[PDB]
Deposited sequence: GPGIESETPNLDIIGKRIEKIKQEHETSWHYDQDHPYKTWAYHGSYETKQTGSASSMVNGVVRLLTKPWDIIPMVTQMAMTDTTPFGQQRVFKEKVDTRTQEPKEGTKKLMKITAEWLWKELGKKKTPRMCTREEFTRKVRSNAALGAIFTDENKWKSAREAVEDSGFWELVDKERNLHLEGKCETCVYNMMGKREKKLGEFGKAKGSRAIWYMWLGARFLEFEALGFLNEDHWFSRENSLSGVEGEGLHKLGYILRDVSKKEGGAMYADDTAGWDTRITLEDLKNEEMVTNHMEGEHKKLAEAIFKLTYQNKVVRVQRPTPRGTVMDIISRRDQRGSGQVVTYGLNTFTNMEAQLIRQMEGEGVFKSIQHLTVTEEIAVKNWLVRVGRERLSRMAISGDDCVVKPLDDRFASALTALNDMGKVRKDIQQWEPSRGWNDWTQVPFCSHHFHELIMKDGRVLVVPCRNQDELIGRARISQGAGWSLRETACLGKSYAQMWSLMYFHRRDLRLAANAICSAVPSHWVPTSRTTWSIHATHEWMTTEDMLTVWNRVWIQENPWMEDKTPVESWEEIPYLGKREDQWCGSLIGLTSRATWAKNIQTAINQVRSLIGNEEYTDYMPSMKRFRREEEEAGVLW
């Protein structure tokens, strides 16, 4: 308690000595409360005019237009201590899983140099605005690194002064760049050295890319076993227990010297004890603490969510296979059975899963898994939108399974080769491309963001009639040489000025390990669509009068946007499609 967090608390107390007060009408039950101080400030979603002008038919579709308009009573809930059988299963499984992940990897510190390179190419490293303007400025000034140094030596001394969270089914915890560096130094290796790659973790998909996820699910489908299960957890980050945080910390067992001590301090001082500042309109700032739940960097959050989800799902698999009888207590011989299952079949069982943070797909040995719920519920990983003890409903066809907000189609090219393509409801794709975040966007910057969405559609969603047409229109309306941009950056092969057919050939043919015949495609007309009825099922407007008029008159829409941007060099990409080719 207050020995580990007191210093951070004491320090903030004094910067607002003229405003401190223990409020008696504080709304926290599960968060420990400490005091308040005076503040007064808030970032809504803005429309991308280039994309909206080239998607007119969607101006009258509420599922699109409502996306651009406009639970913190889950962060304030509590999770019970698991039983001794559950705690034992998790500790054995975690111990075994860090060793497998560590067999072909070496833990190591990430460097000021690596951190600097990140900030100078815009990665979302959740920092704050004070002393320096942006992240870019702090990194070049040696004053910063002295602040970093002071805290660093403080962590080696087992103490913390400035690693404090700021709060803002989503909840983001911005720290100051200094605390973010120290997190990156100790734990960045998990992401930087791809510990959750499929090659390394067998269940993971880190670095895999949307054009690979469908092929990975089809490979899992080829295993003998039961249905494919894809149960979502209700508020995964809120259900991370202190026992979860202690099994995650065991990665330090594989470290040495300084690194081991630096990593131990991050886990002890910032993860297993937290200090947070929250905006309350009644507007004051609340300084609240708690020991459990996830509140880390988004990138470290991803890897440890993947880790603990892999652990939970292997245990749910053990329960289905009858490896242990009850979570109340493991007998001595159940421990050796669990250990022996892991050594004997653990790697096979990891390969039956696709896990991306809190998101999983499992193809278990048989359907006993569906009603194996005691460990899953007792670990606190309670399923969303089903009653606690109701058996899971599985999927009989890998093409129906949801994963990373998509489903996947099997699409046969006129030449017989097989594409496995990512898909989701087309209203969601159009609605997202019509939104920008933040202020001060020039027309050129807005156009270059439209171009990023268009090239993503040409590479990932070419099989959707409306998106291939809208992508060609946007690429025709934005100057040919203007570089696609994004303010918050899987593998993003569409972020390039290279010809999109050349990039399509590299991603789907040359570099695709599921495509044996490497014959290049010579034109976009060789590249197939979904069936017309399947395209409508997945949200296409093909067949509507609005869509026909848009497609026929597309050059008029392209010319409207070209006239706004002005006298620039443009390319006509519409004749790459059969219907505009004379």
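*Asks:* Would you list the gaps, meaning deposited-sequence stretches without C-alpha coordinates, in the order they occur?
*Replies:* No C-alpha for residues 1-9, 52-53, 82-91, 151-153, 193-207, 322-324, 532-535, 629-637.
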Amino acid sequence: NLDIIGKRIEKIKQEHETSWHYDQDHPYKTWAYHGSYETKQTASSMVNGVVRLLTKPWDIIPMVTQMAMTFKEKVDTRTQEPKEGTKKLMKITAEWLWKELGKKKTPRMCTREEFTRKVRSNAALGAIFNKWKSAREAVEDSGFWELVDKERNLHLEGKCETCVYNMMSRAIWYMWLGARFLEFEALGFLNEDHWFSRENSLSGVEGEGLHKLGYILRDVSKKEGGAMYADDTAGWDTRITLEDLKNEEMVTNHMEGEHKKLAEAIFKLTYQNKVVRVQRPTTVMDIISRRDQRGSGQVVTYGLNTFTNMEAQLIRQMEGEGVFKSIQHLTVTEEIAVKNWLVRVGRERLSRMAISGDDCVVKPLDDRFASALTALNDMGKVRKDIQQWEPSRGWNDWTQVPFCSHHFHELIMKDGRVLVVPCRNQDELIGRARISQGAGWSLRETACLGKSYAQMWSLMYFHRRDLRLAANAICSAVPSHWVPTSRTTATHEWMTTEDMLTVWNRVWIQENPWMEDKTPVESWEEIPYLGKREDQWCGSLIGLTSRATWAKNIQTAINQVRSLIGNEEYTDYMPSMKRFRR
From here on, numbers count along this sequence of modelled residues.
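C-alpha atoms forming the largest set that superposes within 1.5 Å between two forms make up the rigid core.
*Asks:* Please tell me which region, 407-415 or 347-355, has C-alphas lying farther from the displayed form on average in 9 other deposited structures of this protein, with superposition done on the core.
*Replies:* If we average over structures and residues in 9 other deposited structures of this protein, the farther stretch is 407-415.
*Asks:* Core-aligned, RMS over all structures and residues: is 474-482 or 305-313 the stretch with the greater C-alpha displacement in 9 other deposited structures of this protein?
*Replies:* Between 474-482 and 305-313, the one lying farther away in 9 other deposited structures of this protein is 474-482.
*Asks:* Relative to the other PDB entries of this protein in the set, is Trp457 coordinate-less in at least a third?
*Replies:* No, none of the compared structures omit it.
*Asks:* Does the comparison with other PDB entries of this protein show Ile527 lacking coordinates in a third or more of them, where both adjacent residues are built?
*Replies:* Modelled in all the others, so no.
*Asks:* If you take the mean CA temperature factor per stretch, which one wins between 423-431 and 263-271?
*Replies:* Taking the mean C-alpha B-factor of 263-271 and of 423-431, the larger value falls to 263-271.
*Asks:* For the stretches 53-61 and 524-532, which has the higher mean C-alpha B-factor as given in the deposited record?
*Replies:* That would be 524-532.
*Asks:* Using only the C-alpha B-factors in the record, can you name which of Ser19, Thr571, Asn559, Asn567 has the highest?
*Replies:* Among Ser19, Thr571, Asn559, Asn567, the PDB entry lists the largest C-alpha B-factor for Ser19.
*Asks:* Go through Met460, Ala454, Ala370, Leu154 one by one and give the residue whose Cα B-factor in the PDB entry is largest.
*Replies:* Checking the PDB record, the top C-alpha B-factor among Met460, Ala454, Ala370, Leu154 is at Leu154.
*Asks:* Taking the entry's C-alpha B-factors for this chain, is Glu73 in the lowest, middle or highest third?
*Replies:* It belongs to the highest third of the chain when residues are ordered by C-alpha B-factor.
*Asks:* Among the modelled residues of this chain, does the Cα B factor of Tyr165 put it in the lowest, middle or highest third?
*Replies:* Highest third, going by the recorded CA B-factors of the chain.
*Asks:* Split into thirds by Cα B-factor across the chain's modelled residues, where does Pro281 land: lowest, middle or highest?
*Replies:* CA B-factor rank for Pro281: highest third.
*Asks:* Check where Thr519 lands among this chain's C-alpha B-factors and tell me if it's the lowest, middle or highest third.
*Replies:* As the PDB entry reports it, the C-alpha B-factor of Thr519 lands in the middle third of its chain.
*Asks:* Based on the entry's values, in what third of the chain does the Cα temperature factor of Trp176 lie: lowest, middle or highest?
*Replies:* Top third by C-alpha B-factor.
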